[PDB]
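Data file: run.txt. Format and content: compact mmCIF, C-alpha atoms and all ligand atoms.
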```txt
# COMPACT_ATOMS: atom_id res chain seq x y z
CA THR A 8 14.60 59.64 106.20
CA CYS A 9 16.94 58.26 108.87
CA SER A 10 18.35 54.75 109.31
CA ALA A 11 18.60 54.45 113.10
CA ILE A 12 20.89 51.43 113.41
CA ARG A 13 21.22 50.31 117.02
CA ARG A 14 24.61 49.26 118.38
CA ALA A 15 25.09 45.76 119.78
CA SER A 16 27.45 44.54 122.49
CA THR A 17 30.69 42.67 121.77
CA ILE A 18 31.74 39.65 123.83
CA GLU A 19 34.42 36.93 123.78
CA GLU B 13 28.45 63.75 155.52
CA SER B 14 24.88 63.30 154.29
CA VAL B 15 25.55 61.00 151.33
CA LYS B 16 28.00 58.91 153.39
CA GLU B 17 25.14 57.78 155.63
CA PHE B 18 23.08 57.18 152.49
CA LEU B 19 25.69 54.95 150.84
CA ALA B 20 26.29 53.20 154.18
CA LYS B 21 22.56 52.54 154.59
CA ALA B 22 22.31 51.46 150.94
CA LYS B 23 25.20 49.00 151.29
CA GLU B 24 23.34 47.33 154.17
CA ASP B 25 20.13 46.80 152.18
CA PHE B 26 21.99 45.51 149.11
CA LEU B 27 24.08 42.90 150.94
CA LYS B 28 21.00 41.70 152.83
CA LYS B 29 19.25 40.92 149.53
CA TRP B 30 22.47 39.62 147.95
CA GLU B 31 22.41 36.48 150.13
CA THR B 32 18.62 36.06 150.32
CA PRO B 33 18.70 33.21 147.76
CA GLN B 35 14.20 31.65 141.74
CA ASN B 36 11.08 30.54 139.84
CA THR B 37 8.72 33.30 140.95
CA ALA B 38 5.97 32.58 138.42
CA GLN B 39 5.59 30.85 135.05
CA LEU B 40 5.03 31.65 131.38
CA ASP B 41 1.39 30.50 131.50
CA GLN B 42 0.40 33.70 133.37
CA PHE B 43 1.39 36.24 130.70
CA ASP B 44 -0.09 37.49 127.42
CA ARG B 45 2.57 38.30 124.84
CA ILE B 46 1.78 41.31 122.65
CA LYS B 47 4.61 42.97 120.72
CA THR B 48 8.40 42.74 120.64
CA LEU B 49 10.21 45.80 122.00
CA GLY B 50 13.80 44.82 121.20
CA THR B 51 16.08 42.02 120.09
CA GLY B 52 19.57 40.81 120.93
CA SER B 53 22.11 38.09 120.23
CA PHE B 54 20.73 35.69 122.86
CA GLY B 55 17.04 36.64 122.85
CA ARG B 56 14.40 39.33 122.55
CA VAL B 57 12.44 41.66 124.83
CA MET B 58 8.66 41.69 124.46
CA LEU B 59 5.71 43.50 126.03
CA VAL B 60 3.63 41.09 128.11
CA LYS B 61 0.41 41.64 130.05
CA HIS B 62 -0.35 39.69 133.21
CA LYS B 63 -3.59 37.89 132.38
CA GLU B 64 -4.78 37.91 136.01
CA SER B 65 -3.43 41.13 137.53
CA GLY B 66 -3.82 43.10 134.29
CA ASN B 67 -0.53 45.00 134.61
CA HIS B 68 1.75 45.38 131.59
CA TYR B 69 5.38 44.27 131.86
CA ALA B 70 8.57 43.92 129.81
CA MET B 71 9.55 40.25 129.59
CA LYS B 72 13.18 39.52 128.65
CA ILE B 73 13.72 36.10 127.06
CA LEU B 74 17.15 34.44 126.94
CA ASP B 75 17.80 31.16 125.14
CA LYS B 76 19.51 28.73 127.52
CA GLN B 77 21.28 26.90 124.69
CA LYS B 78 23.00 29.85 122.98
CA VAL B 79 24.16 31.27 126.31
CA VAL B 80 25.95 28.01 127.14
CA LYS B 81 27.29 27.80 123.57
CA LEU B 82 29.03 31.18 124.02
CA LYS B 83 30.14 30.82 127.68
CA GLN B 84 27.88 33.53 129.10
CA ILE B 85 26.65 31.74 132.23
CA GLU B 86 28.73 33.94 134.54
CA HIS B 87 27.29 37.10 132.98
CA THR B 88 23.77 35.63 133.03
CA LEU B 89 23.77 34.91 136.77
CA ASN B 90 25.20 38.37 137.49
CA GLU B 91 22.41 40.16 135.62
CA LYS B 92 19.67 38.52 137.71
CA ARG B 93 21.51 38.54 141.05
CA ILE B 94 22.26 42.27 140.84
CA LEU B 95 18.95 43.52 139.40
CA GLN B 96 16.68 42.29 142.20
CA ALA B 97 19.15 43.43 144.89
CA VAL B 98 19.75 47.05 143.86
CA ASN B 99 17.22 49.79 144.60
CA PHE B 100 17.45 53.19 142.89
CA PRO B 101 14.91 55.49 141.18
CA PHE B 102 17.04 55.63 138.01
CA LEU B 103 17.45 51.84 137.76
CA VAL B 104 14.80 49.65 136.16
CA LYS B 105 12.68 47.49 138.46
CA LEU B 106 12.36 43.70 138.34
CA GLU B 107 9.15 41.77 139.08
CA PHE B 108 9.20 38.04 138.22
CA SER B 109 12.12 35.78 137.31
CA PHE B 110 11.53 32.17 136.26
CA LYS B 111 12.62 29.60 133.67
CA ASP B 112 11.33 26.62 131.72
CA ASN B 113 12.85 23.92 129.51
CA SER B 114 14.45 26.12 126.84
CA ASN B 115 14.55 29.80 127.86
CA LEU B 116 15.35 32.00 130.84
CA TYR B 117 12.77 34.70 131.58
CA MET B 118 12.91 38.04 133.39
CA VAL B 119 9.96 40.38 133.96
CA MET B 120 10.91 44.04 134.41
CA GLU B 121 8.99 47.26 134.90
CA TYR B 122 7.65 48.44 131.55
CA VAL B 123 8.98 51.86 130.49
CA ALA B 124 6.72 52.97 127.64
CA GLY B 125 8.70 56.14 126.88
CA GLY B 126 11.14 54.26 124.65
CA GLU B 127 14.90 54.33 124.33
CA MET B 128 17.03 57.45 124.37
CA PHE B 129 18.51 56.20 121.09
CA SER B 130 15.22 56.51 119.21
CA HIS B 131 14.60 59.96 120.70
CA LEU B 132 18.14 61.27 120.15
CA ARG B 133 18.36 60.04 116.55
CA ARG B 134 15.13 61.87 115.66
CA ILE B 135 15.94 65.27 117.17
CA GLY B 136 19.59 65.12 116.11
CA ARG B 137 21.21 66.40 119.29
CA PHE B 138 20.19 67.59 122.75
CA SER B 139 20.95 71.04 124.10
CA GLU B 140 23.50 71.39 126.89
CA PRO B 141 20.91 72.06 129.64
CA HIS B 142 18.92 69.14 128.21
CA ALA B 143 22.09 67.04 128.10
CA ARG B 144 23.08 68.15 131.62
CA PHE B 145 19.72 66.87 132.89
CA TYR B 146 20.32 63.33 131.63
CA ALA B 147 24.04 63.42 132.45
CA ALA B 148 23.25 64.31 136.07
CA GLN B 149 21.19 61.15 136.57
CA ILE B 150 24.06 58.94 135.37
CA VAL B 151 26.33 60.60 137.96
CA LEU B 152 24.03 59.74 140.88
CA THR B 153 23.51 56.24 139.47
CA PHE B 154 27.22 55.49 139.02
CA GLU B 155 27.87 57.00 142.46
CA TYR B 156 25.38 54.55 143.96
CA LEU B 157 26.67 51.54 142.01
CA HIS B 158 30.36 52.24 142.64
CA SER B 159 29.72 52.44 146.39
CA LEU B 160 28.53 48.81 146.22
CA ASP B 161 31.67 47.68 144.35
CA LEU B 162 29.61 47.22 141.17
CA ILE B 163 30.44 48.04 137.55
CA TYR B 164 28.03 48.52 134.65
CA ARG B 165 30.35 48.21 131.61
CA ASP B 166 27.53 49.09 129.19
CA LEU B 167 26.43 52.75 129.05
CA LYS B 168 24.75 53.68 125.77
CA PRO B 169 21.44 55.20 124.61
CA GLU B 170 20.27 51.71 123.62
CA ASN B 171 20.22 50.81 127.34
CA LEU B 172 18.70 54.05 128.68
CA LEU B 173 14.91 54.41 128.84
CA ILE B 174 12.63 57.38 129.50
CA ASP B 175 9.79 57.05 132.01
CA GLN B 176 6.51 58.97 132.23
CA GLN B 177 8.26 61.98 133.83
CA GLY B 178 11.20 62.26 131.44
CA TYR B 179 13.66 60.57 133.81
CA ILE B 180 16.09 57.77 132.98
CA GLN B 181 15.47 54.06 133.59
CA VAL B 182 18.71 52.10 133.29
CA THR B 183 18.29 48.57 131.92
CA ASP B 184 20.41 45.84 130.25
CA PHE B 185 22.53 44.63 133.16
CA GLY B 186 24.05 41.78 131.14
CA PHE B 187 27.60 42.99 131.81
CA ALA B 188 27.22 43.96 135.48
CA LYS B 189 29.76 42.44 137.85
CA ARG B 190 30.80 42.88 141.49
CA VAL B 191 34.49 43.83 141.32
CA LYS B 192 36.73 45.05 144.15
CA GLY B 193 40.10 45.62 142.50
CA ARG B 194 40.43 44.69 138.83
CA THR B 195 38.77 42.50 136.21
CA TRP B 196 39.85 41.10 132.86
CA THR B 197 36.69 40.47 130.82
CA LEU B 198 36.24 41.90 127.31
CA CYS B 199 32.74 43.35 126.97
CA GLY B 200 30.90 46.54 126.06
CA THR B 201 30.12 48.57 122.95
CA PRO B 202 32.85 49.34 120.37
CA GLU B 203 31.93 53.05 120.25
CA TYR B 204 31.99 53.14 124.08
CA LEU B 205 34.91 50.89 125.05
CA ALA B 206 37.60 52.32 127.31
CA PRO B 207 41.24 52.32 126.16
CA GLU B 208 42.40 49.97 128.93
CA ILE B 209 39.64 47.51 127.99
CA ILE B 210 41.14 47.29 124.49
CA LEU B 211 44.69 46.98 125.85
CA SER B 212 43.75 44.11 128.23
CA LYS B 213 45.14 46.10 131.15
CA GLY B 214 42.87 44.94 133.98
CA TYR B 215 40.37 47.74 134.50
CA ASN B 216 38.36 48.87 137.52
CA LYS B 217 35.35 51.14 138.07
CA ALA B 218 37.01 53.91 136.03
CA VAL B 219 35.65 52.49 132.76
CA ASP B 220 32.12 53.63 133.63
CA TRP B 221 33.37 57.22 133.82
CA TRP B 222 34.94 56.86 130.37
CA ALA B 223 31.60 55.77 128.90
CA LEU B 224 30.03 58.78 130.62
CA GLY B 225 32.19 61.12 128.55
CA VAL B 226 31.29 59.31 125.34
CA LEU B 227 27.61 59.49 126.30
CA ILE B 228 27.65 63.25 126.92
CA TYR B 229 29.56 63.83 123.67
CA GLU B 230 26.98 61.88 121.65
CA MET B 231 24.06 63.70 123.29
CA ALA B 232 25.47 67.21 122.78
CA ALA B 233 26.78 66.64 119.23
CA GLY B 234 24.79 63.83 117.62
CA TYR B 235 27.61 61.34 117.05
CA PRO B 236 30.35 59.61 119.08
CA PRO B 237 33.87 61.07 118.84
CA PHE B 238 35.29 57.72 117.66
CA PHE B 239 33.29 56.00 114.93
CA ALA B 240 33.87 54.54 111.47
CA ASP B 241 32.91 51.50 109.38
CA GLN B 242 35.12 48.72 110.75
CA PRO B 243 35.55 48.36 114.53
CA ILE B 244 39.34 48.32 114.09
CA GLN B 245 39.14 51.92 112.84
CA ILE B 246 37.25 52.95 115.99
CA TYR B 247 39.89 51.35 118.22
CA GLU B 248 42.61 53.42 116.53
CA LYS B 249 40.78 56.56 117.70
CA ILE B 250 40.05 55.39 121.26
CA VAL B 251 43.62 54.41 122.17
CA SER B 252 44.97 57.47 120.34
CA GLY B 253 43.72 59.95 122.94
CA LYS B 254 42.95 62.81 120.52
CA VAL B 255 39.37 64.09 120.39
CA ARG B 256 37.86 66.46 117.82
CA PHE B 257 35.09 68.58 119.35
CA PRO B 258 32.37 70.41 117.40
CA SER B 259 32.20 74.19 117.34
CA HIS B 260 28.77 74.50 118.99
CA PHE B 261 30.13 72.95 122.19
CA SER B 262 30.59 75.25 125.16
CA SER B 263 34.14 75.53 126.46
CA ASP B 264 33.02 74.24 129.86
CA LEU B 265 31.65 71.16 128.10
CA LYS B 266 34.89 70.78 126.14
CA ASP B 267 37.03 70.92 129.29
CA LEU B 268 34.85 68.39 131.11
CA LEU B 269 35.05 65.99 128.15
CA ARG B 270 38.86 66.29 128.06
CA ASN B 271 39.08 65.26 131.72
CA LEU B 272 36.58 62.41 131.25
CA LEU B 273 37.94 61.15 127.90
CA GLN B 274 41.50 61.11 129.29
CA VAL B 275 43.11 57.86 128.15
CA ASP B 276 45.62 58.39 130.97
CA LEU B 277 44.23 56.81 134.13
CA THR B 278 46.35 59.23 136.18
CA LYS B 279 44.34 62.31 135.08
CA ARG B 280 40.93 60.76 134.36
CA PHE B 281 37.93 62.04 136.31
CA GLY B 282 35.97 59.74 138.59
CA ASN B 283 39.12 57.82 139.56
CA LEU B 284 41.06 60.41 141.58
CA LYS B 285 41.25 61.64 145.17
CA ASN B 286 37.76 63.14 145.46
CA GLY B 287 36.40 60.71 142.86
CA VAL B 288 32.80 61.60 142.01
CA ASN B 289 33.09 64.92 143.86
CA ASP B 290 35.17 66.29 140.97
CA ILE B 291 32.27 65.75 138.56
CA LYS B 292 29.61 67.39 140.75
CA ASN B 293 31.55 70.59 141.52
CA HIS B 294 32.56 71.13 137.88
CA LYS B 295 31.81 74.42 136.14
CA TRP B 296 29.21 72.63 134.00
CA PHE B 297 27.21 71.20 136.92
CA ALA B 298 27.07 74.58 138.64
CA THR B 299 23.32 75.29 138.82
CA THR B 300 22.47 71.57 139.01
CA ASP B 301 20.31 70.67 142.01
CA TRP B 302 21.70 67.22 142.77
CA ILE B 303 19.23 66.49 145.59
CA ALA B 304 16.16 67.52 143.57
CA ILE B 305 17.36 65.31 140.70
CA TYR B 306 17.48 62.31 143.05
CA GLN B 307 14.06 63.35 144.41
CA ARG B 308 12.71 63.70 140.83
CA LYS B 309 11.59 67.26 141.61
CA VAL B 310 13.35 69.03 138.72
CA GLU B 311 10.99 69.69 135.82
CA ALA B 312 11.59 67.52 132.78
CA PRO B 313 12.53 69.37 129.56
CA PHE B 314 10.99 66.63 127.38
CA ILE B 315 8.32 64.08 128.29
CA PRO B 316 7.46 61.44 125.65
CA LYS B 317 3.94 60.91 124.38
CA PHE B 318 1.87 58.21 126.08
CA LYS B 319 -1.42 56.58 125.10
CA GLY B 320 -1.69 54.89 128.50
CA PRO B 321 0.07 51.79 129.79
CA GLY B 322 0.86 49.32 127.03
CA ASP B 323 1.60 51.84 124.25
CA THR B 324 4.45 50.66 122.00
CA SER B 325 4.50 53.89 119.97
CA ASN B 326 7.91 54.94 121.33
CA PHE B 327 9.46 51.62 120.23
CA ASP B 328 10.51 50.62 116.73
CA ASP B 329 8.71 47.80 114.95
CA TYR B 330 10.21 44.31 114.64
CA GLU B 331 9.43 41.02 112.92
CA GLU B 332 7.43 38.68 115.15
CA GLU B 333 8.39 35.02 115.50
CA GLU B 334 7.29 32.01 117.56
CA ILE B 335 8.55 31.53 121.11
CA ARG B 336 10.33 28.18 120.85
CA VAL B 337 9.98 26.13 124.03
CA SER B 338 11.11 22.51 123.73
CA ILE B 339 9.95 19.51 125.76
CA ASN B 340 13.45 18.61 126.96
CA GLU B 341 15.44 20.40 129.65
CA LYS B 342 18.33 22.31 128.05
CA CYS B 343 21.34 22.66 130.38
CA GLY B 344 19.41 22.41 133.63
CA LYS B 345 22.40 21.71 135.87
CA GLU B 346 24.11 24.94 134.80
CA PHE B 347 21.25 27.34 135.60
CA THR B 348 20.58 26.35 139.21
CA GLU B 349 21.50 29.51 141.12
CA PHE B 350 19.30 31.43 138.65
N1 LIG C 401 12.01 47.40 130.91
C1 LIG C 401 12.01 47.69 129.60
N2 LIG C 401 11.04 48.50 129.12
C2 LIG C 401 11.03 48.79 127.82
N3 LIG C 401 11.87 48.38 126.86
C3 LIG C 401 12.82 47.58 127.37
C4 LIG C 401 12.96 47.19 128.69
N4 LIG C 401 14.06 46.36 128.84
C5 LIG C 401 14.55 46.26 127.63
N5 LIG C 401 13.85 46.97 126.69
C6 LIG C 401 14.14 47.07 125.26
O1 LIG C 401 14.75 45.86 124.84
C7 LIG C 401 15.95 46.15 124.11
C8 LIG C 401 16.93 45.01 124.28
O2 LIG C 401 17.15 44.81 125.69
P1 LIG C 401 18.60 44.54 126.26
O3 LIG C 401 18.50 44.46 127.74
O4 LIG C 401 19.60 45.57 125.75
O5 LIG C 401 19.02 43.14 125.65
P2 LIG C 401 20.48 42.94 125.13
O6 LIG C 401 20.56 41.64 124.27
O7 LIG C 401 21.41 42.82 126.29
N6 LIG C 401 20.90 44.26 124.18
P3 LIG C 401 22.58 44.35 124.03
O8 LIG C 401 23.27 43.67 125.27
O9 LIG C 401 23.00 45.78 123.95
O10 LIG C 401 23.02 43.60 122.70
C9 LIG C 401 16.42 47.49 124.65
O11 LIG C 401 17.23 48.17 123.70
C10 LIG C 401 15.09 48.22 124.90
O12 LIG C 401 14.63 48.88 123.73
MG MG C 402 21.08 47.04 124.32
MG MG C 403 23.50 43.49 127.32
```
Please express what this file holds, its structure, as structure tokens.
Ligand SMILES: Nc1ncnc2c1ncn2[C@@H]1O[C@H](COP(=O)(O)OP(=O)(O)NP(=O)(O)O)[C@@H](O)[C@H]1O
Ligand SMILES: [Mg+2]
Ligand SMILES: [Mg+2]
Amino acid sequence: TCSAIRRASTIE
Amino acid sequence: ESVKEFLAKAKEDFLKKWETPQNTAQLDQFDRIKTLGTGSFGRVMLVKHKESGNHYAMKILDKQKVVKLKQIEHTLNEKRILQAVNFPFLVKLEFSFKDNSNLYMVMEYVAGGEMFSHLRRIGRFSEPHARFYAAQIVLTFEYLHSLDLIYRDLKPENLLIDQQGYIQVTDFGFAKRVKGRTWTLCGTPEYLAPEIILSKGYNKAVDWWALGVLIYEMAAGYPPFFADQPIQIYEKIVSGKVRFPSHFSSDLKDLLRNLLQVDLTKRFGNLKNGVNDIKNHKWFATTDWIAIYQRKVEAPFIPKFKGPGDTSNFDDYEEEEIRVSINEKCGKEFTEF
């Protein structure tokens, strides 16, 4: 098992 | 100099297309299949041209949420820079149009999937395997910095793998033409530069910082600065202390120390020789830089393909309805698009 959580981009 | 005539000839082709300016085609000519990725302002799906039969990667952006978050400047820069640049490691653009509710972009489909999904499964890449991918980012950043362009978003979630194991750079939402400095807060928390957090007016040196974080994550299997809350990650970035694993080679450790230098005075990529310091390093010793640009070096890993239109190398998502209203949503804003 592996929870591949993708990283999002931060703005503002 | 050989590359000097290359970057001088490339700066002539880019500026010619930069002032060439819209609505190439329309949504009625595409067959939506499966969603490849999602974001805060839209999703990216796999579409097939009903007439030509070619498969493409359509990027949808909601025109209402972009205006609601003041992202019009970043939206126009993503389209204006994509169709102008030309590089084998950069993703290609085909059609760009818009309707009443959403902005649309049609890119070259890269069925090999993200580097994130491939790196998370293996665990970590070997140093020759990591040097192969790290060498393509050097030639790409060298080409983009010569055009006074910054990426400001280097992460495995924005790096694709083609049919020959090479990199296809996408997600140009934070690209911007900057000669001097800029003061916009953007990027990925695990990849932000220290001066970006300090609001210090950064230049093209932030792309070299993200290069060091990228190589560290590929060779180890995790970024050097990461935790639960983003405030904890910022305490590690501005600190300047890095903890390296034991399996790293000392030549890789020394190159990361010069790239992850929070001091702009001693950071690689922003010195006298600039990019020449990264090519002649002890790590990139046997690297054939010309054959990498010519795509002649054999690929250590090539993803599995079932032909064009195979979404096997992409994670599954929940499908929804493409909402297109009857009223024009912020039409006066998106005119140069
Ligand atoms: N040309 C392409 N071929 C295949 N997959 C693609 C392509 N372009 C985008 N994708 C996928 O779509 C996902 C989202 O695209 P992206 O351009 O990052 O939108 P985004 O909202 O800007 N993501 P982010 O800015 O990091 O929050 C990517 O992570 C890829 O998996
Ligand atoms: Mg992304
Ligand atoms: Mg983006």
(request) Residues of chain A near chain B: apply a cut-off of 6 Å, count only C-alpha atoms, and supply the list as a PyMOL selection string. (result) chain A and resi 16-18
Which polymer residues have any atom within 8 Å of an atom of residue B:237, counting only C-alpha atoms, with same-chain residues fewer than 3 positions away left out, as a CSV table (one decimal) with C-alpha atoms, in the coordinates of the input?
```csv
chain,number,residue,atom,x,y,z
B,226,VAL,CA,31.3,59.3,125.3
B,229,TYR,CA,29.6,63.8,123.7
B,230,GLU,CA,27.0,61.9,121.6
B,255,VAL,CA,39.4,64.1,120.4
B,256,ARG,CA,37.9,66.5,117.8
B,257,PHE,CA,35.1,68.6,119.4
```
(request) Could you check how far atom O12 of ligand LIG 401 (chain C) sits from atom CA of residue A:11, in Å to one decimal? (result) 12.6 Å
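Closest approach to ligand LIG 401 (chain C) from the set B:345, B:217, B:309, B:105 is made by B:105, with distances taken over only C-alpha atoms and all ligand atoms.
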(message) List as a list in words the protein and nucleic acid residues lying within 7 Å of ligand MG 402 (chain C), with only C-alpha atoms and all ligand atoms counted.
(response)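 The distance check yields residues 15 of chain A; 170, 171 and 184 of chain B.
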(request) Can you work out the spacing between atom CA of residue B:113 and atom CA of residue B:341 in Å, to one decimal? (result) 4.4 Å
(request) Residues up to 7 Å from ligand LIG 401 (chain C), counting all atoms listed in the file: could you list those as a ChimeraX atom specification? (result) /A:14-16 /B:49-57,70,72,104,120-124,126-127,170-171,173,183-186,327
Residue subset to file, keeping C-alpha atoms, as a CSV table (one decimal), in the frame of the given file:
```csv
chain,number,residue,atom,x,y,z
A,14,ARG,CA,24.6,49.3,118.4
A,15,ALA,CA,25.1,45.8,119.8
A,16,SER,CA,27.4,44.5,122.5
B,49,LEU,CA,10.2,45.8,122.0
B,50,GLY,CA,13.8,44.8,121.2
B,51,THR,CA,16.1,42.0,120.1
B,52,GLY,CA,19.6,40.8,120.9
B,53,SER,CA,22.1,38.1,120.2
B,54,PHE,CA,20.7,35.7,122.9
B,55,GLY,CA,17.0,36.6,122.8
B,56,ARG,CA,14.4,39.3,122.6
B,57,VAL,CA,12.4,41.7,124.8
B,70,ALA,CA,8.6,43.9,129.8
B,72,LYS,CA,13.2,39.5,128.6
B,104,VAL,CA,14.8,49.6,136.2
B,120,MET,CA,10.9,44.0,134.4
B,121,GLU,CA,9.0,47.3,134.9
B,122,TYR,CA,7.6,48.4,131.6
B,123,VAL,CA,9.0,51.9,130.5
B,124,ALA,CA,6.7,53.0,127.6
B,126,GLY,CA,11.1,54.3,124.6
B,127,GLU,CA,14.9,54.3,124.3
B,170,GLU,CA,20.3,51.7,123.6
B,171,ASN,CA,20.2,50.8,127.3
B,173,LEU,CA,14.9,54.4,128.8
B,183,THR,CA,18.3,48.6,131.9
B,184,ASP,CA,20.4,45.8,130.2
B,185,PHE,CA,22.5,44.6,133.2
B,186,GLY,CA,24.0,41.8,131.1
B,327,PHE,CA,9.5,51.6,120.2
```
(message) For a test of reading the model, state the distance in Å between atom CA of residue B:313 and atom CA of residue B:288, rounded to one decimal.
(response)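 Distance reported for this atom pair: 25.0 Å.
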(request) For each of B:180, B:343, B:40, B:188, take the minimum atom-to-atom distance to ligand MG 403 (chain C), counting only C-alpha atoms and all ligand atoms, then give the residue where this is smallest. (result) B:188
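Proximity ranking of B:103, B:218, B:240, B:27 relative to residue B:279 places B:218 first, based on only C-alpha atoms.
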(request) Using all atoms listed in the file, pick whichever of B:37, B:23, B:167, B:42 has the shortest atom-to-atom distance to ligand MG 403 (chain C). (result)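 Distance minimum relative to ligand MG 403 (chain C) lands on B:167.
Nearest to residue B:26 of all the residues B:131, B:76, B:47, B:190 is B:190, counting all atoms listed in the file.
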